[PDB]
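Quick notes on the structure that follows.
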Amino acid sequence: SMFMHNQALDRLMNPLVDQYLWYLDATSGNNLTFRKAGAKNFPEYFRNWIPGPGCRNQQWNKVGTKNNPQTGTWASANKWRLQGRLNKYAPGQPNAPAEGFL
Amino acid sequence: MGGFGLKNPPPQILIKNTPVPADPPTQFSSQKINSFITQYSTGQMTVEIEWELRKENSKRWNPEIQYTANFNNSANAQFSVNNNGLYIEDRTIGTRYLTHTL
């Protein structure tokens with residue numbers, strides 16, 4: 001696929017109309033209160049799809065003065081082990097780092 | 001009440017004015033459309049029945065009772081409209097006059 005996506009996953013929807021699905025927002029007052037999904041509050045929407053797999057990875061800032069002075073990076077690497085010996089996990093799942101980090 | 005009992009009688013015929021909604025609001029709402037345009041309709045109908053009837057052969061000598069318009073003079077004729085324009089039925093006319101041997 002040579003294309004970059006036009007939309008985020010969490011952002012696939014019509015903003016103009018609220019959903020018909022109801023959830024439990026608040027337990028206060030010895031009773032249950034069901035909010036309705038909508039009113040431009042996105043995090044509460046129901047969705048059919050969820051983001052891809054991955055794992056957390058150590059991030060080194062591209063500006064050298066902001067990085068911890070490690071004489072070498074091994075003990076900090078992501079590793080998988082096979083037959084009782086450790087191999088760096090590279091490259092990992094296609095996860096992007098923070099902006100300005102690697 | 002008298003009549004012809006039928007397993008498969010003539011079908012009911014049902015008619016309605018299709019609803020025409022009034023001007024909808026510009027912002028979207030999922031509730032039903034309450035306000036419509038007041039309208040009615042009219043037109044002619046017609047019904048054509050085909051009746052089958054049993055001819056009468058009776059050799060009795062003397063004449064029979066028959067239905068006859070009331071012999072009397074009257075301010076209003078029988079089964080006819082009056083001065084105000086209202087149609088008036090003078091009687092209920094049974095079907096049984098001609099005699100038949102038991």
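Labels used: A, B, ... for chains in the order of the structure tokens, numbers from 1 for residues in each chain, and numbers from 1 for ligands as shown.
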
Q. For chain B against chain A, which residues fall within 10 Å using only C-alpha atoms, given as an MDAnalysis selection string?
A. chainID B and resid 27:30

Expected file contents, prior selection, N, CA, C and O atoms, as a PDB file, in the first residue's frame:
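The result, written out as selection.pdb:
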ATOM      1  N   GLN B  27     -31.558  22.050  11.682  1.00  0.00           N
ATOM      2  CA  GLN B  27     -30.754  21.137  12.474  1.00  0.00           C
ATOM      3  C   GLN B  27     -31.440  19.783  12.575  1.00  0.00           C
ATOM      4  O   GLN B  27     -32.668  19.683  12.576  1.00  0.00           O
ATOM      5  N   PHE B  28     -30.633  18.733  12.666  1.00  0.00           N
ATOM      6  CA  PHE B  28     -31.165  17.381  12.634  1.00  0.00           C
ATOM      7  C   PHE B  28     -31.740  16.976  13.983  1.00  0.00           C
ATOM      8  O   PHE B  28     -31.209  17.331  15.037  1.00  0.00           O
ATOM      9  N   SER B  29     -32.838  16.228  13.939  1.00  0.00           N
ATOM     10  CA  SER B  29     -33.482  15.675  15.118  1.00  0.00           C
ATOM     11  C   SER B  29     -34.007  14.293  14.777  1.00  0.00           C
ATOM     12  O   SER B  29     -34.595  14.097  13.713  1.00  0.00           O
ATOM     13  N   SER B  30     -33.802  13.338  15.679  1.00  0.00           N
ATOM     14  CA  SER B  30     -34.206  11.962  15.424  1.00  0.00           C
ATOM     15  C   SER B  30     -35.643  11.670  15.829  1.00  0.00           C
ATOM     16  O   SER B  30     -36.151  10.589  15.511  1.00  0.00           O
TER      17      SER B  30
END

Q. Which residues come within 12 Å of residue 74 of chain A, counting only C-alpha atoms, excluding same-chain residues fewer than 3 positions away, as a list in words?
A. residues 58, 70, 71, 77, 78, 79, 86, 87, 88 and 89 of chain A

Residues from last step as file, N, CA, C and O atoms, as a tab-separated table (two decimals), in the first residue's frame:
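Result file is part-v4.tsv:
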chain	number	residue	atom	x	y	z
A	58	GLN	N	12.09	2.01	24.27
A	58	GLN	CA	12.84	3.14	24.82
A	58	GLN	C	13.10	4.18	23.75
A	58	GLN	O	13.41	3.84	22.60
A	70	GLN	N	24.64	6.91	28.24
A	70	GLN	CA	24.92	5.48	28.27
A	70	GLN	C	26.12	5.17	27.39
A	70	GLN	O	26.16	5.57	26.22
A	71	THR	N	27.09	4.45	27.95
A	71	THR	CA	28.29	4.10	27.19
A	71	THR	C	27.95	3.19	26.01
A	71	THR	O	28.73	3.09	25.06
A	77	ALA	N	17.72	-2.16	25.50
A	77	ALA	CA	17.05	-2.53	24.27
A	77	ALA	C	15.88	-3.47	24.53
A	77	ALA	O	15.79	-4.12	25.58
A	78	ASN	N	14.96	-3.53	23.57
A	78	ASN	CA	13.94	-4.57	23.55
A	78	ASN	C	14.55	-5.85	23.02
A	78	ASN	O	15.09	-5.87	21.91
A	79	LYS	N	14.44	-6.92	23.79
A	79	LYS	CA	15.09	-8.18	23.46
A	79	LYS	C	14.08	-9.31	23.45
A	79	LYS	O	13.13	-9.32	24.25
A	86	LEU	N	19.96	-14.12	24.29
A	86	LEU	CA	19.13	-12.95	24.08
A	86	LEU	C	19.50	-12.25	22.79
A	86	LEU	O	20.67	-11.97	22.54
A	87	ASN	N	18.50	-11.95	21.97
A	87	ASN	CA	18.67	-11.20	20.74
A	87	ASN	C	17.86	-9.92	20.80
A	87	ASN	O	16.72	-9.92	21.26
A	88	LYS	N	18.46	-8.82	20.35
A	88	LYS	CA	17.73	-7.57	20.24
A	88	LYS	C	16.52	-7.77	19.35
A	88	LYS	O	16.57	-8.51	18.36
A	89	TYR	N	15.42	-7.11	19.69
A	89	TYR	CA	14.21	-7.21	18.89
A	89	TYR	C	14.23	-6.05	17.92
A	89	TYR	O	13.98	-4.90	18.29

Q | d(atom CA of residue 33 of chain A, atom CA of residue 15 of chain A) in Å | A | 23.8 Å

Can you pull out the residues contacting segment 57-71 of chain B? Cut-off 8 Å, using only C-alpha atoms, and skip same-chain residues under 3 positions away; I want them as a compact mmCIF listing (two decimals) with N, CA and C atoms, in the first residue's frame.
# COMPACT_ATOMS: atom_id res chain seq x y z
N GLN B 78 -93.82 9.01 -2.53
CA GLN B 78 -93.09 7.95 -1.85
C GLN B 78 -91.69 7.81 -2.44
N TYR B 97 -93.51 -12.04 -1.13
CA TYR B 97 -94.87 -11.78 -1.55
C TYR B 97 -95.45 -13.00 -2.24
N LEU B 98 -94.84 -13.38 -3.35
CA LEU B 98 -95.27 -14.54 -4.12
C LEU B 98 -95.34 -15.78 -3.25
N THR B 99 -96.46 -16.49 -3.34
CA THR B 99 -96.66 -17.73 -2.61
C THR B 99 -95.97 -18.89 -3.30
N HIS B 100 -95.67 -19.91 -2.51
CA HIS B 100 -95.09 -21.15 -3.00
C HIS B 100 -95.58 -22.29 -2.12

Q: Pull the strand (DSSP E or B) assignments for chain A out of DSSP run on the backbone, and list those residues as a list in words.
A: residues 22, 23, 24, 25, 26, 33, 34, 35, 36, 61, 79, 80, 81, 82, 85, 86, 87, 88 and 101 of chain A

Q: For atom CA of residue 98 of chain A and atom CA of residue 49 of chain A, quote the distance in Å rounded to one decimal.
A: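 One can read the atom CA of residue 98 of chain A to atom CA of residue 49 of chain A distance as 23.3 Å.
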
**Q.** Contacts of residue 34 of chain B within 10 Å, only C-alpha atoms, excl. fewer than 2 positions in-chain, as a list in words
**A.**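 Residues near the query, excluding close chain neighbours: residues 21, 22, 24, 31, 32 and 36 of chain B.
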
Output N, CA, C and O atoms of each residue in that selection to a file, as a compact mmCIF listing (two decimals), in the first residue's frame.
# COMPACT_ATOMS: atom_id res chain seq x y z
N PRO B 21 -45.22 15.89 5.23
CA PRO B 21 -44.73 16.66 6.36
C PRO B 21 -44.57 18.13 6.02
O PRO B 21 -44.40 18.52 4.87
N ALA B 22 -44.64 18.96 7.06
CA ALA B 22 -44.38 20.38 6.92
C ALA B 22 -42.88 20.63 6.92
O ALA B 22 -42.07 19.70 7.02
N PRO B 24 -39.26 20.89 7.61
CA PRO B 24 -38.45 20.35 8.69
C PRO B 24 -37.46 21.40 9.18
O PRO B 24 -37.11 22.32 8.43
N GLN B 31 -36.31 12.59 16.51
CA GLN B 31 -37.68 12.38 16.93
C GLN B 31 -38.61 12.35 15.72
O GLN B 31 -38.26 12.80 14.63
N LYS B 32 -39.80 11.80 15.93
CA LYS B 32 -40.78 11.71 14.86
C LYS B 32 -41.17 13.10 14.38
O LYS B 32 -41.01 14.09 15.09
N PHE B 36 -47.63 18.13 10.16
CA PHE B 36 -47.90 17.80 8.77
C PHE B 36 -48.70 18.92 8.13
O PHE B 36 -49.01 19.93 8.75

(Q) Would you pick out the contacts of residue 60 of chain A at 10 Å or less, using only C-alpha atoms, so that residues sharing its chain but fewer than 6 positions from it are not included, and give the list as a list in words? (A)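 Skipping anything fewer than 6 positions along the chain leaves residues 66, 67, 68, 97, 98, 100, 101 and 102 of chain A.
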
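Our summary of the geometry notes that atom CA of residue 10 of chain B is positioned 28.6 Å from atom CA of residue 87 of chain B.
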